[PDB]
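Here is the structure we will look at.
In the authors' numbering, the protein residues as written are 0 to 134.
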């Protein structure tokens, strides 16, 4: 789920593009502090936001996660990424959660939609709103 101050595009960027630290334990604190829980796993794509926006321009395809959605797009080429896996749950005090990190180069499939009319900058009419899968 996402905090109210974020549009879906901004949340996607916060969760899958802006890895604030090359260490998962540190990077995940941002996501976990916003969601109020330690997310079990999360993928950070080592690519730019502009690159993902352009992927939204690739042919539409059915989303692997939802057989009923046709707003997904395949990256075309592979990108470096880091997958974070929770290793230390820390029930309360989510800032004590620790993660493992797995580096890899994979293709990704993103779901894109029209920008949030009121909060997303007009610069990008179409934006990624969900990471559906990495291959």
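Even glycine gets a Cβ: it sits at the ideal position worked out from N, Cα and C.
C-beta atoms of residue i and residue j nearer than 8 angstroms
i: residue 64; j: residue 131; result: yes
i: residue 82; j: residue 109; result: no
i: residue 116; j: residue 23; result: no
Identity of the residue in the options nearest residue i by Cα
i: residue 107; options: 116, 118, 69 and 76; result: 76
i: residue 59; options: 25, 92, 30 and 111; result: 111
i: residue 31; options: 1, 124, 129 and 66; result: 1
i: residue 13; options: 122, 48, 69 and 67; result: 48
Backbone secondary structure at residue i - three-state DSSP
i: residue 106; result: coil
i: residue 16; result: coil
Counterpart residues of residue i in DSSP-defined beta bridges
i: residue 72; result: 59 and 109
i: residue 99; result: 84
i: residue 65; result: 62
Residue interval of the beta strand (DSSP E) (run including residue i)
i: residue 40; result: 40-44
i: residue 133; result: 125-133
Range of the contiguous alpha helix (DSSP H) that encloses residue i
i: residue 30; result: 23-34
i: residue 48; result: 48-54
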